[PDB]
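Colleague:
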Amino acid sequence: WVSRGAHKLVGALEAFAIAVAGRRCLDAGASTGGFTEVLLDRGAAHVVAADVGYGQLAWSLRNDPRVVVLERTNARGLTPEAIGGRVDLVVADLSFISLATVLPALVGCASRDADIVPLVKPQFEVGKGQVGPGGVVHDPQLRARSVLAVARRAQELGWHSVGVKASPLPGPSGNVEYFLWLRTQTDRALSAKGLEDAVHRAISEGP
Numbered sequence: 062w063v064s065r066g067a068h069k070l071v072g073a074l075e076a077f078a079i080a081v082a083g084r085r086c087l088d089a090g091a092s093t094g095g096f097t098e099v100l101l102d103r104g105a106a107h108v109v110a111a112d113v114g115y116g117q118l119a120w121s122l123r124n125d126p127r128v129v130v131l132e133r134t135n136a137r138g139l140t141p142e143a144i145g146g147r148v149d150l151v152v153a154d155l156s157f158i159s160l161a162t163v164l165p166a167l168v169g170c171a172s173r174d175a176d177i178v179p180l181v182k183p184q185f186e187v188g189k190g191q192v193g194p195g196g197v198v199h200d201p202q203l204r205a206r207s208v209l210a211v212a213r214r215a216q217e218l219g220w221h222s223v224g225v226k227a228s229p230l231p232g233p234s235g236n237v238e239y240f241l242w243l244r245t246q247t248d249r250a251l252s253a254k255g256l257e258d259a260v261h262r263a264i265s266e267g268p
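Right, dumping it as structure tokens:
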């Protein structure tokens with residue numbers, strides 16, 4: 062792969078059994094292009110790569126006719142108009158911001174039948190004072206609360222939680238991060254107790 066980030070999204074897509082082939086995708090936080098490369102490899106029709114920070118998209122991805130590169134001030138400004146229409150799959154890997162702040166934008170870019178699969182980073186969700194030594198959320202209970210808070214906000218926007226999967230590679234300084242599968246149209250929405258069980262297994266089962 063172009064980046065080891067590729068392995069994270071493969072892990073998520075395999076765990077949730079989400080197909081990409083033929084679909085229109087948004088990669089929010091595209092940066093090096095790990096996520097974008099995987100989407101293209103799995104048969105995506107079109108990928109919008111929102112460059113929303115430091116890092117350059119690898120030349121080979123930038124020159125692919127299935128890829129549109131957007132260079133926005135941030136992910137929270139994303140709109141259907143800006144990306145050229147709603148998409149079927151949204152993935153997001155964002156640094157030093159809470160997903161609460163961008164979820165309305167991501168939801169607004171998604172079709173009603175889409176999958177939204179953000180990578181939840183407890184170190185960027187918990188309060189200062191709760192982040193442990195070295196900037197690692199060592200406390201599994203706090204990692205669980207982070208994921209639940211993101212799920213709760215998604216649910217307030219009409220997007221239910223269907224599954225949770227620890228990313229197979231840790232993030233900065235060793236933080237464990239977790240993919241959440243969100244859908245607004247599903248026959249498998251987790252209940253409160255169901256999400257608790259799924260989060261508990263994901264946290265106990267690690268990367």
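Once you know that position 9 of the sequence shown is 70 in the authors' numbering, the rest is easy, because the numbers rise by one and skip nothing. All C-beta atoms in this analysis are idealised placements derived from N, C-alpha and C, irrespective of residue type, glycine included.
Ignoring anything shorter than 3 residues, give me the beta strand (DSSP E) runs that lie fully in the region 150-218, in order along the chain.
Modeller: Complete beta strand (DSSP E) runs here, min 3: 171-181.
Colleague: By how many angstroms is the C-alpha of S265 removed from the C-alpha of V113?
Modeller: Start at 1 with the first residue of the sequence shown, and residue 113 comes out as number 52. Start at 1 with the first residue of the sequence shown, and residue 265 comes out as number 204. When rounded, the distance between both Cα atoms is 32 Å.
Colleague: In three-state terms, what does DSSP make of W120?
Modeller: As a first step, residue 120 is located in the sequence shown; it is residue number 59 there, counting from the start. Of the three classes helix, strand and coil, the one that applies to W120 here is helix, per DSSP.
Colleague: Quick check on the DSSP output: the alpha helix (DSSP H) that includes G95 runs from which residue to which?
Modeller: Here the question's residue 95 lines up with position 34 in the sequence shown. Its alpha helix (DSSP H) spans residues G95 to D102.
Colleague: Looking only at its own chain, which residues have a Cβ that is under 6 Å from the Cβ of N135, when we skip the five neighbours before and after it?
Modeller: Here residue 135 refers to the residue found at position 74 of the sequence shown. So the qualifying residues of the chain are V113.
Colleague: Pairing CB atoms from the region 182-194 with CB atoms from the region 90-102, are three or more of them under 8 Å?
Modeller: With a cut-off of 8 Å, the region 90-102 and the region 182-194 do not count as touching, because too few Cβ pairs lie within range.
Colleague: Three Cβ pairs or more, each shorter than 8 Å: is that satisfied between the region 194-206 and the region 145-157?
Modeller: With the cut-off at 8 Å, the region 194-206 and the region 145-157 do not touch.
Colleague: Beta carbon of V211, beta carbon of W242: below 8 Å?
Modeller: One-based indexing of the sequence shown puts residue 211 at position 150. One-based indexing of the sequence shown puts residue 242 at position 181. No, Cβ-Cβ distance for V211 and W242 is not below 8 Å.
Colleague: Could you tell me which residues DSSP puts in a beta bridge with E75?
Modeller: Taking the first residue of the sequence shown as 1, we reach residue 75 at position 14. The partner list for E75 (beta bridge, DSSP) is empty, contrary to what the question assumes.
Colleague: So what's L87 in DSSP terms, helix, strand or just coil?
Modeller: Here residue 87 corresponds to residue number 26 of the sequence shown, with the count starting at 1. Strand.
Colleague: How would you write the range of the beta strand (DSSP E) that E132 sits in, first residue to last?
Modeller: Counting from 1 along the sequence shown, the entry for residue 132 is found at position 71. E132 -> beta strand (DSSP E) spans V128 to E132.
Colleague: Would you check if the distance between the CB atom of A263 and the CB atom of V225 is smaller than 8 Å?
Modeller: Against the sequence shown, residue 263 aligns to sequence position 202. Against the sequence shown, residue 225 aligns to sequence position 164. Contact flag set, yes.
Colleague: Among the candidates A105, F240 and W62, whose CA atom is the shortest distance from the CA of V181?
Modeller: Position 120 of the sequence shown, counting from 1, holds the residue named residue 181. Of the listed residues, the one whose Cα sits closest to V181 is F240.
Colleague: Can we say the region 99-106 touches the region 67-79, given the rule of at least three CB pairs closer than 8 Å?
Modeller: With the cut-off at 8 Å, the region 99-106 and the region 67-79 touch.
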